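A.B. asks: I am attaching a structure below and will ask some questions about it afterwards.
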Amino acid sequence: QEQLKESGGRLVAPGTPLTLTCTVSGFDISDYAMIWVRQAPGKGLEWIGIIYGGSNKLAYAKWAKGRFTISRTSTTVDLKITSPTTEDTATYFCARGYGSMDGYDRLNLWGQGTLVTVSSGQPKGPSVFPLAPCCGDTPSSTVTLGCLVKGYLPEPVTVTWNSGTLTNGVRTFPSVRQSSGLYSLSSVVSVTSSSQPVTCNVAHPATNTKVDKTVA
Amino acid sequence: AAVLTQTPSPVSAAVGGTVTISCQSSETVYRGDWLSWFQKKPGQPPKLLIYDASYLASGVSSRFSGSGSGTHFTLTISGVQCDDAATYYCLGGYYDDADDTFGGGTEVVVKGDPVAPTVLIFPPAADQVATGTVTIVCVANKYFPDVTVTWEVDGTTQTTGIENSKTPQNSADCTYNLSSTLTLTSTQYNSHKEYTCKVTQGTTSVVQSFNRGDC
C-alpha cells in the first residue's frame, strides 16, 4: 500500500521559519518525483515546487523567489517556508508523480495535508457552549441539540458526539474566523427525545484541549 | 508567464445531466497535452480525474472525460450525481516545471429537488452570558436552492455581528445546511426580548423566534 502523510503544520508568527514534512510509505522516493501544493482558505490550489527522487532536479514556482526550500531524506521530503507571512496560511499537500529523472506526470497519490497558520496571536483552546432549543407547547419525540465551539486558534478542532457512538446526520459547520483572530464553529445533531442526554466531545490538538459538554 | 483560466464559478448542472467546463492556457502546455484535472472537496485532498488531457485516472468513473490539446481543454461530466458537487481544477504542465500552475477552479453546483429549510434557533445558555459575550445560533437545515438570512431583534433588523457558514451539498440529496450566528454583548442581549431569524428562499421565507425570559 503506497501512502503519503504530511506533518508539521502549526501556528507561527510572521517571519518565524517553519518546516513541513511528507513521510512516504510502501514505495521509494528515489523512483518518483514529489510535488508540494497548497490551498489558502477561500483561495484555489497553488503549485509550489517539485523534487525528483532520481536526480539533482528540483524547481520552485516562478513566483516563489526563495520563499520555499525543498529537500529530502531517505523516506521523507520536506518543505521549509523561509519567512512566513499571513498569506502562507493554508493547507499544504504532498503528491507523488511519475518520472524520477527530469519530466513528471500523473499526480495520482496525495496525502491528507497539513494545516499551517501564520498569525501574531497566541494559541488558544476553545470555549464549548451547549445549544438547546427554547421548546414549545407540543412536545416532540425528536430534538436537535448542539455545541458552539468558540474562540480558538489555530484550526482545527474535532467534534464528536457521545465519544463517536452518535453520528447519524450530524452537521458540523465550517469554521469562521472572527475579527478577534479566533475561530468558531458549531455542530448539531438530532436524536429521539428519549435518548438524551447527549455529549459533545471537542478536542483542539494545538493546545491539547479535550472538553466534553453534556447538552440538557 | 503561463496563465490558466477556467470557466467562471459557479456552474450549475442538473442531476442526471451533462456539464462541460473548460480551461484555457495562455501558452501551449507541454507536448500539447500535459493537462490534468482534479476534483477538490473541502476537507479532502485533490483527486486526479484526468491526466494528459484525455486519460482517465485509475479507479475513476468513466462519467468523467477530458478532451482538448494545445491551449484549450475541457472536462465533461455526464450522468451528474450529487456526489459530483465539488470545485474542479485544471493543472497545466509546461517544459519548465517552474511554470506549472493551476487554474482558479470551477465550482460545480448540482441541482436537486428544491426543498424549503426547517429552521432552528438556539438561545445562549447561562454559562455564555456570564462571559459577557453571547452568541445566538440559527440553523437552516436540509434545503435547496440557496437562502438569505435576516436577523431581527425586537422588530429591528440587525446589520452587524452576523456570521454565516454553509455546509457542502449533501452527497446524496444535494441539500445544504447553514449556520447563522448573531453575537452581542451580554448587556445588549439582556436589553431585548424578541430574537428572530428569517430564512428566505426566493418567494418563500421560514421564520423562527424565541423570547428571552421564556427559557
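Just remember, in the C-alpha cells the first chain shown is A, the second B, etc., residues are 1-based per chain, and ligands are 1-based in the order shown.
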Using only C-alpha atoms, which residues sit within 9 Å of segment 177-193 of chain B once same-chain residues fewer than 2 positions away are excluded, as an NGL selection string?
C.D. replies: (:A and (171 or 173 or 185-186)) or (:B and (117 or 128-144 or 147 or 149 or 151 or 153-154 or 158 or 160-170 or 175 or 195 or 197 or 210-213))
A.B. asks: Which residues of chain A come within 9 Å of chain B, and for each one, what is the closest pair of atoms and their distance in Å to one decimal, counting only C-alpha atoms, sorted by chain and residue number, as a tab-separated table?
C.D. replies:
```
residue	atom	partner	partner_atom	distance
A:43	CA	B:104	CA	8.1
A:44	CA	B:104	CA	5.6
A:45	CA	B:102	CA	6.3
A:46	CA	B:102	CA	6.0
A:47	CA	B:101	CA	5.7
A:48	CA	B:98	CA	8.5
A:49	CA	B:98	CA	7.2
A:50	CA	B:97	CA	7.8
A:58	CA	B:97	CA	8.7
A:59	CA	B:98	CA	5.6
A:60	CA	B:98	CA	5.3
A:61	CA	B:98	CA	4.4
A:62	CA	B:98	CA	5.4
A:63	CA	B:98	CA	8.7
A:93	CA	B:45	CA	7.3
A:103	CA	B:97	CA	8.1
A:104	CA	B:97	CA	8.6
A:105	CA	B:51	CA	7.7
A:106	CA	B:51	CA	5.8
A:107	CA	B:48	CA	6.6
A:108	CA	B:48	CA	5.5
A:109	CA	B:47	CA	8.2
A:110	CA	B:45	CA	6.5
A:111	CA	B:45	CA	6.8
A:112	CA	B:45	CA	5.6
A:113	CA	B:45	CA	6.9
A:129	CA	B:128	CA	6.8
A:130	CA	B:125	CA	6.7
A:131	CA	B:122	CA	5.7
A:132	CA	B:122	CA	5.9
A:133	CA	B:122	CA	5.1
A:134	CA	B:215	CA	5.6
A:135	CA	B:215	CA	8.2
A:144	CA	B:120	CA	8.3
A:145	CA	B:122	CA	8.8
A:146	CA	B:122	CA	8.7
A:148	CA	B:137	CA	8.5
A:171	CA	B:177	CA	7.7
A:172	CA	B:167	CA	7.8
A:173	CA	B:167	CA	5.7
A:174	CA	B:165	CA	6.1
A:175	CA	B:165	CA	7.3
A:176	CA	B:165	CA	7.0
A:178	CA	B:163	CA	8.5
A:185	CA	B:165	CA	8.5
A:186	CA	B:179	CA	7.6
A:188	CA	B:139	CA	9.0
```
A.B. asks: What is the distance, in Å and to one decimal place, between atom CA of residue 74 of chain B and atom CA of residue 54 of chain B?
C.D. replies: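 Atom-to-atom, atom CA of residue 74 of chain B to atom CA of residue 54 of chain B, that is 9.2 Å.
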A.B. asks: Residues at most 9 Å from residue 91 of chain A, counting only C-alpha atoms, excluding those fewer than 4 positions away in the same chain, as a list in words?
C.D. replies: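 What passes the distance filter is residues 9, 37, 38, 39, 40, 41, 113, 114, 115, 116 and 117 of chain A.
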A.B. asks: Tell me which protein, DNA and RNA residues are within 12 Å of residue 73 of chain A, counting only C-alpha atoms, leaving out same-chain ones fewer than 6 positions away, and put them as a ChimeraX atom specification.
C.D. replies: /A:21-24,28-30,51,53,79
A.B. asks: Would you mind exporting the chosen residues as a PDB file, in the first residue's frame, restricted to N, CA and C atoms?
C.D. replies:
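Written out: selection_34.pdb:
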```
ATOM      1  N   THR A  21       6.873  18.280   6.716  1.00  0.00           N
ATOM      2  CA  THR A  21       7.426  17.001   6.277  1.00  0.00           C
ATOM      3  C   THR A  21       6.364  16.112   5.639  1.00  0.00           C
ATOM      4  N   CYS A  22       6.683  15.516   4.492  1.00  0.00           N
ATOM      5  CA  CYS A  22       5.866  14.458   3.924  1.00  0.00           C
ATOM      6  C   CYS A  22       6.579  13.114   4.072  1.00  0.00           C
ATOM      7  N   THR A  23       6.029  12.234   4.915  1.00  0.00           N
ATOM      8  CA  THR A  23       6.581  10.893   5.102  1.00  0.00           C
ATOM      9  C   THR A  23       5.921   9.877   4.166  1.00  0.00           C
ATOM     10  N   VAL A  24       6.754   9.125   3.456  1.00  0.00           N
ATOM     11  CA  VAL A  24       6.308   8.197   2.432  1.00  0.00           C
ATOM     12  C   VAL A  24       6.270   6.775   2.980  1.00  0.00           C
ATOM     13  N   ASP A  28       9.643   3.802  -2.792  1.00  0.00           N
ATOM     14  CA  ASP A  28      10.885   4.546  -2.631  1.00  0.00           C
ATOM     15  C   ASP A  28      10.822   5.895  -3.355  1.00  0.00           C
ATOM     16  N   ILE A  29      11.066   6.971  -2.616  1.00  0.00           N
ATOM     17  CA  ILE A  29      11.073   8.326  -3.168  1.00  0.00           C
ATOM     18  C   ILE A  29      11.980   8.421  -4.387  1.00  0.00           C
ATOM     19  N   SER A  30      13.088   7.681  -4.362  1.00  0.00           N
ATOM     20  CA  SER A  30      14.058   7.705  -5.457  1.00  0.00           C
ATOM     21  C   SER A  30      13.491   7.289  -6.809  1.00  0.00           C
ATOM     22  N   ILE A  51      10.527  17.931  -6.375  1.00  0.00           N
ATOM     23  CA  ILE A  51      11.844  17.312  -6.286  1.00  0.00           C
ATOM     24  C   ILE A  51      11.822  15.945  -6.970  1.00  0.00           C
ATOM     25  N   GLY A  53      13.216  12.254  -7.406  1.00  0.00           N
ATOM     26  CA  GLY A  53      13.877  11.331  -6.498  1.00  0.00           C
ATOM     27  C   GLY A  53      15.136  10.740  -7.110  1.00  0.00           C
ATOM     28  N   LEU A  79       9.388  20.627   3.122  1.00  0.00           N
ATOM     29  CA  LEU A  79       9.167  21.974   2.595  1.00  0.00           C
ATOM     30  C   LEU A  79       9.375  22.981   3.717  1.00  0.00           C
TER      31      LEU A  79
END
```
A.B. asks: I need the residues of segment 9-175 of chain B that end up classed as helix (DSSP H, G or I) by DSSP on the backbone, written out as a list in words.
C.D. replies: residues 30, 31, 32, 82, 83, 84, 97, 98, 99, 126, 127, 128 and 129 of chain B
A.B. asks: Which residues come within 9 Å of residue 125 of chain A, counting only C-alpha atoms, excluding same-chain residues fewer than 6 positions away, as a list in words?
C.D. replies: residues 150, 151, 152, 153, 154, 203, 204, 205, 206, 207, 208, 209 and 210 of chain A
A.B. asks: As a short mmCIF file (atom, residue, chain, number, x, y, z; two decimals) with C-alpha atoms, in the first residue's frame, which residues of segment 16-137 of chain A does DSSP assign to strand (DSSP E or B)?
C.D. replies:
```
data_model
loop_
_atom_site.label_atom_id
_atom_site.label_comp_id
_atom_site.auth_asym_id
_atom_site.auth_seq_id
_atom_site.Cartn_x
_atom_site.Cartn_y
_atom_site.Cartn_z
CA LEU A 18 8.61 26.63 9.54
CA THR A 19 9.39 23.17 8.12
CA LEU A 20 6.73 20.70 6.88
CA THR A 21 7.43 17.00 6.28
CA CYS A 22 5.87 14.46 3.92
CA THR A 23 6.58 10.89 5.10
CA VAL A 24 6.31 8.20 2.43
CA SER A 25 5.44 4.50 2.84
CA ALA A 33 9.01 12.81 -8.15
CA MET A 34 7.43 14.62 -5.19
CA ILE A 35 5.43 17.82 -5.51
CA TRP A 36 4.22 20.36 -2.92
CA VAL A 37 0.90 22.18 -3.36
CA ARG A 38 -1.21 24.34 -1.04
CA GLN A 39 -4.64 25.91 -0.66
CA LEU A 45 -4.98 25.27 -5.39
CA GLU A 46 -1.43 26.52 -5.93
CA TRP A 47 1.60 24.57 -7.20
CA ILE A 48 4.72 25.27 -5.12
CA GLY A 49 7.56 23.01 -6.23
CA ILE A 50 8.90 19.59 -7.12
CA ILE A 51 11.84 17.31 -6.29
CA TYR A 52 12.87 14.39 -8.48
CA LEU A 58 14.27 20.49 -8.28
CA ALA A 59 12.19 23.53 -9.17
CA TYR A 60 10.10 26.15 -7.40
CA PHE A 68 10.42 27.99 -0.03
CA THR A 69 13.13 25.41 0.28
CA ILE A 70 12.52 21.78 -0.64
CA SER A 71 14.75 18.83 0.35
CA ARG A 72 14.64 15.09 1.12
CA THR A 76 10.69 11.97 3.66
CA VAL A 77 10.59 15.07 1.62
CA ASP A 78 10.46 18.45 3.29
CA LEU A 79 9.17 21.97 2.59
CA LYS A 80 10.65 24.87 4.55
CA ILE A 81 8.83 28.22 4.46
CA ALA A 90 -3.03 27.36 4.12
CA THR A 91 -3.25 23.59 3.99
CA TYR A 92 -0.15 22.07 2.35
CA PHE A 93 -0.34 18.79 0.45
CA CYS A 94 2.34 16.38 -0.73
CA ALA A 95 1.83 14.45 -4.03
CA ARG A 96 3.69 11.69 -5.88
CA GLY A 97 4.27 11.98 -9.60
CA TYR A 98 5.73 9.51 -12.09
CA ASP A 105 3.25 13.43 -14.84
CA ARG A 106 0.16 11.83 -13.34
CA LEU A 107 -0.25 13.11 -9.79
CA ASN A 108 -2.41 10.20 -8.59
CA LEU A 109 -1.25 9.86 -4.97
CA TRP A 110 -1.86 12.59 -2.35
CA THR A 114 -1.13 19.58 6.99
CA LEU A 115 -2.51 22.93 8.20
CA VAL A 116 -0.26 25.98 8.62
CA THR A 117 -1.38 29.13 10.40
CA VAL A 118 0.61 32.39 10.37
CA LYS A 124 -5.95 29.38 22.45
CA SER A 127 -14.78 27.50 24.94
CA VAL A 128 -17.63 25.00 24.44
CA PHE A 129 -21.27 26.02 24.96
CA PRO A 130 -24.34 23.77 24.80
CA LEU A 131 -27.08 24.66 22.30
#
```
